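Input: a single structure, listed below in structure tokens.
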């Protein structure tokens with residue numbers, strides 16, 4: 011991951027002065043001319059035939075031109091023609107002409123520039178629009194024809210279709226319909242293409258009712274709805290966010306309309322399935338449809354097909370789907386379809402869904418090298434990649450290693466904030482998804498902090514403060530409007546904070562005030578919040594949300610149902626604790642009210672009865688009895704109960720206070736002081752495979768012993784110890800392979816070691832064989848007493864090779880997001896990096943400078959590695975002079 | 121305050137408490153707070169706000185409340201009309217603004 | 250699994266090679282649920298599990314506007330109706346404030362004219 | 103990633119070869135001949151040995167190794183390669199040849 | 465990191481300097497002068513305590562300085578820096594005028610440098626030999642027969658000890674009865690699994 015400038019620098023550093031000399035083929039030509047070309051080398055014998063061969067070989071990746079010459083787009087860009095068409099349409103709408111012969115000159119609206166016209170048209174099969182009778186309608190038609198000719202369209206059905214499509218794309222539906230009606234009345238037949246041009250206006254806006262009315266009108270006018278009309282209907286439903294309707298229209302078109310789908314139909318279906326969420330099999334349906342198009346129909350996938358399929362596949366975190374997306378991209382580049390912004394966006398999406406910041410940065414660097422300028426969406430999905438990586442952090446392994454994830458969280462947050470600073474410095478207009486990604490990052494950071502470090506309240510407060518600041522200030526600083534995704538993120542944060550009042554307040558504000566449709570993620574968050582809340586009616590409110598989803602059409606998933614069941618079963622604990630707390634408070638009140646209010664060996668008949676002898680006063684059972692009888696009552700341990708419906712005493716502070724009131728000093732003051740037997744890696748394996756290694760851990764009185772038999776045989780001590788030693792050997796093999804840390808020094812190991820080893824271990828105080836190795840290999844770090852110094856005392860040398868451009872860019876942490884111009888200005892800011931900007935452009939410029947003598951390049955490889963063990967030393971030796979020249983001041 | 125999505129009844133209760141304590145300017149401030157929080161003004165809120173505003177002699181507040189009530193076309197009550205005519209005559213705001 | 254072998258039709262029924270070949274051919278001719286679901290275009294889990302949301306997977310994909318009843322001006326998405334997307338437990342208070350104008354706001358005649366009077370007195 | 107690193111290494115080799123200096127041409131030629139005949143690279147053996155040493159080294163020693171090699175363009179070597187190389191048995195015939203020589 | 469490395473280098477150089485100075489002057493701990501210097505330093509510390517109470554010894558400082566300088570002078574320890582400052586300067590200034598003399602000076606300097614390099618090779622060889630030989634000697638001494646313990650008087654617990662330990666025994670019994678303080682007793686030795694109660 012390097013910028014093209016640093017890549018060119020590393021190229022020259024690796025190739026020395028040979029890079030700017032003749033190429034490999036030039037050297038081969040020189041050798042062939044000299045006659046000393048080696049036999050194994052292919053000789054450049056015939057220039058023309060070699061050129062033809064190389065061109066034939068290169069032709070297979072040659073990209074076919076997919077440029078479309080859109081006449082509609084040309085009409086739209088023609089501003090003067092647009093206003094002429096608009097004024098003509100306004101005239102035709104407000105004051106429609108009249109089919110009278112001598113009205114053109116009488117009417118000032120359409121100034122001019163026997164035999165019946167209708168009879169002539171009927172006899173000669175000609176439209177009434179081509180007849181000049183000095184009529185008002187004739188003048189209007191002539192003006193329209195002149196305007197269309199000026200724009201570049203003939204006054205015919207195709208030209209009318211083009212102009213109506215151009216109008217409809219830029220709104221003006223009424224004007225387009227007026228022009229369509231005028232053409233129909235002037236005899237230019239209202240073809241299905243003209244009806245599609247009309248339908249474009251409704252399709253862009255998404256008016257399903259208008260599109261269906263247009264279809265019905267076309268049917269009633271005796272005109273069969275064609276494949277283009279059905280495509281426009283499908284696009285109308287897609288823009289109206291009814292995606293299964295597209296598939297339904299496709300099925301009905303195949304069955305009843307009997308129209309064979311084309312590549313455009315397949316692209317529309319793929320888009321609809323990509324954005325569809327009504328059924329869980331949308332991705333398998335899209336994959337099967339793509340295979341059907343490839344094999345049965347015999348079509349060849351184009352850029353729209355590949356983009357739609359990659360966009361759909363970059364939505365699932367499954368590695369199989371990610372591999373499919375990568376294979377599709379590779380096939381696209383092999384088939385002569387050069388990658389572009391959408392392709393890189395799809396790749397970044399596929400990487401970010403699984404949380405590969407390295408892959409995202411590699412994609413960004415490759416895009417920068419290939420010269421495709423990064424857009425705002427790529428940075429947004431890079432931020433999303435950071436969010437997903439923070440989610441995917443292995444917190445279990447971090448806890449096992451006793452490592453705080455806070456530095457990693459801070460690193461991710463500062464990287465994303467640096468990206469935001471770069472965006473605001475570049476002058477780009479701030480997009481809503483970028484701020485939404487930042488808000489999601491802050492909310493997820495707060496949630497992860499709460500889930501992983503519940504005791505460190507300071508970082509949780511900082512994360513919540515950042516999230517609140519973003520939500521309250523950034524959206525209206527950049528004049529942006531909060532959307533469903535931003536509401537989803539903030540409501541998820543509130544739900545995890547268990548602020549149900551504020552969460553529902555935001556939810557109903559979003560529904561009623563701003564008229565937004567909450568996402569399925571928002572519904573899931575609300576349901577899970579209410580299920581986790583132990584208060585009465587929580588599951589009732591959760592079912593209310595679920596039935597709201599059902600009656601609003603939100604997808605209900607078996608994963609959602611399973612998680613509902615699991616979360617309800619889990620929150621049963623909190624529900625029970627609250628229910629017990631209610632009776633605890635009642636009992637405390639009754640106890641306070643009671644406080645305010647204020662023969663052993665002879666039976667009833669008088670006979671002497673047996674009595675058990677007194678137990679030993681020193682017995683632990685007697686101690687427990689006396690402690691129970693003499694300690695404070697359970698009602699006076701805590702006066703006020705917990706903050707949220709639960710009894711006090713769950714926190715360690717409250718537990719220690721209660722034990723102190725009961726007269727017991729808790730040895731486990733902190734949570735970490737508990738042994739935490741879930742971290743054991745060796746004992747659980749032995750218990751799982753062989754048996755209870757302890758044996759006498761659970762013994763009442765000479766019973767419940769897990770020990771081998773006395774006799775021996777297959778179930779004896781020898782076999783038991785042999786199997787245990789085999790398991791320990793397996794664990795030691797893992798340690799040697801590096802899957803486990805090297806163990807410390809044991810008493811048995813020390814007693815086994817040689818006398819010198821024991822002596823140096825004792826005199827150094829080393830706890831590990833690694834510490835022993837350090838003590839033996841660094842004699843200078845020994846105290847005069849023989850003890851080894853702490854590791855912090857030693858400071859290793861810092862080679863200057865880390866100051867190289869590529870070395871400093873490797874750990875930049877912001878270079879992949881930085882544009883190449885920014886990096887060039889940051890590093891050089893001179894004519895040496897002035898120059930599109932690419933590694934080969936830099937190489938050409940530097941070669942010209944070398945040939946003109948304005949650049950000094952040392953002959954031989956400046957950067958050396960991979961061939962000799964002492965290669966970094968030679969690199970430093972060759973770079974010392976340059977480092978000193980760079981660092982000295984004159 | 122900032123936790124439950126309070127409604128017209130709650131804001132009217134707050135206005136009633138303010139007017140009972142005599143803080144008519146406080147009641148107008150509560151009305152402004154409700155407007156900022158986005159809860160729409162119902163006819164009871166309009167009547168109470170007109171009473172408080174035209175007792176406290178807040179001409180601009182009365183103008184804003186009356187114009188918004190007219191735009192929303194809520195049915196005006198007898199209490200609102202009788203508490204409106206007082207300032208409508210004293211300040212002549214309707215007379216000078218040609219507002220009906 | 251359960252395997253049944255019948256080699257009566259063969260000339261030599263006591264043929265271990267026939268037995269193993271038949272078993273291996275039966276195993277070879279077997280499709281996995283993943284392959285079947287991929288061929289059909291369905292989710293593999295929605296083929297062997299009894300969950301009621303899976304019932305939607307065996308229907309034909311059709312539009313939500315068509316599935317749900319139409320609105321006032323034509324077809325309408327079910328997510329565009331507040332009475333649909335808003336849970337019933339939250340339809341009190343602010344919802345009533347928002348929708349008060351749908352009942353108690355309008356023209357003076359609309360608000361004051363009694364609609365429950367005699368409507369045929371003139372004819373009578 | 104390994105192929106990119108090796109491409110850079112062989113770019114260095116090609117720079118030595120196509121240069122024109124006699125010694126550089128000779129060393130590049132012998133390296134190319136060894137690679138074509140499959141003779142193992144001593145650099146990879148050194149990398150495996152130093153990776154195992156870094157794995158089994160203590161805090162101070164491993165920190166010194168890491169800080170000294172932070173700038174060297176060492177390949178990204180999985181621990182499996184190091185384990186394989188270390189577990190490969192020694193060649194007794196080569197040992198005999200070396201001791202006799 | 466560079467600042468830490470430089471500070472570490474300077475600290476290690478100073479440590480080696482002070483350690484070699486102590487090694488060279490290990491023999492200056494001679495009783496006659498040591499007693500006088502100890503008495504003078506005791507007087508100096510008394511003066512320092514008087515100053516602290518307030519909140553000369555300069556003559557004592559000068560006497561100790563003279564003693565130290567005379568000891569260093571009679572020991573006449575070689576100074577490598579002085580050798581560099583003297584020999585090189587003398588030969589340069591003496592043989593600068595004559596070109597052949599400066600050439601023979603250069604060749605003599607080369608001979609000295611070669612001898613120095615051979616000496617440093619011998620030094621690293623000597624250090625390696627010392628380390629290996631010490632390790633081998635320790636390995637050989639792993640088989641050293643143990644020391645013979647000296648005999649003491651016969652073990653016995655007296656009635657005075659019993660009377661003085663009665664209260665400790667009672668307190669430890671109470672602790673043993675307590676499930677929480679049972680492990681925190683003062684005298685709780687165990688042979689195998691049995692704690693030895695106070696006699």
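Residue numbers (PDB author numbering), protein chains in the order written: chain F2, 11 to 123, 163 to 647, 662 to 898, 930 to 984; chain FX, 121 to 220; chain CE, 250 to 373; chain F9, 103 to 203; chain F5, 465 to 519, 553 to 696. Cβ atoms here follow ideal geometry from the backbone N, Cα and C, with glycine treated the same way.
Answer yes or no: does any C-beta atom of chain CE fall closer than 8 Å to that of residue 607 (chain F2)?
-> Taking Cβ atoms only, chain CE reaches closer than 8 Å to residue 607 (chain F2), which makes this a yes.
Residue from 190 (chain FX), 131 (chain FX), 192 (chain FX) and 179 (chain FX) whose Cα sits closest to the Cα of residue 206 (chain FX) | Out of 190 (chain FX), 131 (chain FX), 192 (chain FX) and 179 (chain FX), 179 (chain FX) has the C-alpha closest to the C-alpha of residue 206 (chain FX).
Can you list, in chain order, the stretches of the alpha helix (DSSP H) that have 4 or more residues and sit fully within the stretch 329-375 of chain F2?
-> Here the runs fully enclosed are 331-344 and 352-362.
What do you get for residue 595 (chain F5), buried or exposed, if any count of 16 or more other CB atoms within 10 angstroms of its CB means buried?
-> When all chains shown are included, residue 595 (chain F5) counts as exposed.
If you measure from the beta carbon of residue 370 (chain CE) to each beta carbon in chain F2, is any gap under 8 Å?
-> Judged by the 8 Å Cβ criterion, residue 370 (chain CE) is not in contact with chain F2.
Between the stretch 837-844 of chain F2 and the stretch 645-660 of chain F5, are three or more C-beta pairs nearer than 8 Å?
-> No, the stretch 837-844 of chain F2 is not in contact with the stretch 645-660 of chain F5.
How would you call residue 692 (chain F5), buried or exposed, if buried means at least 16 neighbouring beta carbons within 10 angstroms?
-> By the 10 Å Cβ count, residue 692 (chain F5) comes out exposed.
How do the stretch 271-280 of chain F2 and the stretch 242-255 of chain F2 stand: do at least 3 beta-carbon pairs fall below 8 Å, yes or no?
-> Contact between the stretch 271-280 of chain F2 and the stretch 242-255 of chain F2 is present, with at least three C-beta pairs closer than 8 Å.
In terms of alpha-carbon separation, which member of 344 (chain CE), 282 (chain CE), 253 (chain CE) and 317 (chain CE) lies closest to residue 272 (chain CE)?
-> Among 344 (chain CE), 282 (chain CE), 253 (chain CE) and 317 (chain CE), the Cα nearest to that of residue 272 (chain CE) belongs to 253 (chain CE).
Output the distance between the C-alpha atoms of residue 167 (chain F9) and residue 39 (chain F2), rounded to the nearest integer angstrom.
-> If you draw a straight line from the Cα of residue 167 (chain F9) to the Cα of residue 39 (chain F2), it comes to about 47 Å.
Nonlocal neighbours in the same chain, by C-beta distance under 6 Å from residue 977 (chain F2), ignoring five residues either side = Correct list, in chain order: 863.
Does DSSP put residue 665 (chain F2) in a helix, a strand or coil?
-> Secondary structure at residue 665 (chain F2): strand, using DSSP grouped into helix, strand and coil.
Should the stretch 21-39 of chain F2 be called in touch with the stretch 110-122 of chain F9, which here means at least 3 C-beta pairs below 8 Å?
-> Touching, yes.
For the stretch 270-296 of chain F2, enumerate the residues whose C-beta is nearer than 9 Å to any C-beta of chain CE, in chain order.
-> Using a CB distance below 9 Å, the part of the stretch 270-296 of chain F2 facing chain CE consists of 286, 289, 290, 291, 292, 293, 294, 295 and 296, ordered along the chain.
Using 10 angstroms around the beta-carbon of residue 880 (chain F2), count the other beta-carbons present and answer buried if the total reaches 16, otherwise exposed.
-> The C-beta of residue 880 (chain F2) has 16 or more other C-beta atoms within 10 Å across all chains shown, which makes the residue buried.
Could you name the residues of the same chain whose beta carbon sits closer than 6 Å to that of residue 428 (chain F2), not counting the 5 residues immediately before and after it, in chain order?
-> Around residue 428 (chain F2): 468.
Residues in the stretch 136-161 of chain FX with C-beta within 8 Å of chain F2's C-beta atoms, listed in sequence order?
-> Those would be 158, in chain order.
For residue 310 (chain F2), is the classification buried or exposed, using 16 other Cβ atoms within 10 angstroms of its Cβ as the cut-off for buried?
-> Only buried fits residue 310 (chain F2), as 16 or more other CB atoms lie within 10 angstroms of its CB.
Residue 198 (chain FX): contacting residues in chain CE (beta-carbon distance under 9 Å) = Under a criterion of Cβ atoms nearer than 9 Å, no residue of chain CE is adjacent to residue 198 (chain FX); the nearest Cβ is some 13 Å distant.
The stretch 537-548 of chain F2: which residues have C-beta closer than 8 Å to a C-beta of chain FX, in chain order?
-> So the list reads 548, given in the order they occur along the chain.
Going by DSSP, name the residue or residues bridged to residue 779 (chain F2).
-> Paired residues: 772 (chain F2).
Relative to the alpha-carbon of residue 715 (chain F2), which residue among 734 (chain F2), 629 (chain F2) and 724 (chain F2) has its alpha-carbon at the smallest distance?
-> Shortest Cα-Cα distance from residue 715 (chain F2) to any of 734 (chain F2), 629 (chain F2) and 724 (chain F2) involves 734 (chain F2).
For the candidate residues 286 (chain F2), 236 (chain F2) and 861 (chain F2), whose alpha-carbon lies nearest to that of residue 258 (chain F2)?
-> With distances taken between CA atoms, residue 258 (chain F2) lies nearest to 286 (chain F2) out of 286 (chain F2), 236 (chain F2) and 861 (chain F2).
Using three-state DSSP, classify residue 851 (chain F2) as helix, strand or coil.
-> Correct three-state label for residue 851 (chain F2): strand.
Distance between beta carbons of residue 326 (chain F2) and residue 291 (chain CE), contact taken as under 8 Å = 16 Å between Cβ atoms; not a contact.
Cβ neighbour criterion (16 or more within 10 Å) applied to residue 197 (chain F9) = With a 10 Å radius around the Cβ and a threshold of 16 neighbouring Cβ atoms, residue 197 (chain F9) comes out exposed.
Relative to the C-alpha of residue 175 (chain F2), which residue among 236 (chain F2), 217 (chain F2) and 108 (chain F2) is closest?
-> Out of 236 (chain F2), 217 (chain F2) and 108 (chain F2), 236 (chain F2) has the C-alpha closest to the C-alpha of residue 175 (chain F2).
What does a CB cutoff of less than 7 Å around residue 520 (chain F2) pick up in its chain, not counting 5 residues either side in sequence?
-> The beta carbon of residue 520 (chain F2) sits closer than 7 Å to the beta carbons of 488 and 539 from its chain, once the five residues preceding and following it are set aside; these are given in chain order.
When you check each C-beta in the stretch 121-135 of chain FX against every C-beta of chain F2, which residues fall closer than 8 Å?
-> Interface annotation for the stretch 121-135 of chain FX against chain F2: 122, 123, 124 and 125, criterion Cβ-Cβ distance under 8 Å.
Chain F2 residues whose Cβ lies nearer than 9 Å to that of residue 333 (chain CE) = For residue 333 (chain CE), the residues of chain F2 that pass the 9 Å Cβ criterion are 597, 600, 601 and 602, in the order they occur in the chain.
Residue 457 (chain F5): which of 561 (chain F5), 640 (chain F5), 576 (chain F5) and 658 (chain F5) sits nearest, CA to CA?
-> The first residue shown for chain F5 is 465 and the last is 696, placing residue 457 (chain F5) beyond what the model contains.
Please list the residues of the stretch 162-185 of chain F9 that have a C-beta atom closer than 7 Å to any C-beta atom in chain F2, keeping them in chain order.
-> Under the 7 Å Cβ criterion, the stretch 162-185 of chain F9 contributes 162, 163, 165, 166, 169, 170, 172, 173, 174, 175, 181 and 185.
If you draw a straight line from the C-alpha of residue 56 (chain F2) to the C-alpha of residue 249 (chain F2), how long is it?
-> Their backbone Cα atoms lie some 58 Å apart in a straight line.
Go ahead and pull the three-state DSSP assignment for residue 585 (chain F2).
-> DSSP places residue 585 (chain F2) in coil when its eight states are reduced to three.
Which two residues bound the contiguous alpha helix (DSSP H) that contains residue 479 (chain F5)?
-> For residue 479 (chain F5), the uninterrupted alpha helix (DSSP H) run begins and ends at 466-488, by DSSP.
Give the straight-line distance between the Cα atoms of residue 932 (chain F2) and residue 895 (chain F2), rounded to the nearest whole angstrom.
-> Cα to Cα, residue 932 (chain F2) sits roughly 14 Å from residue 895 (chain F2).
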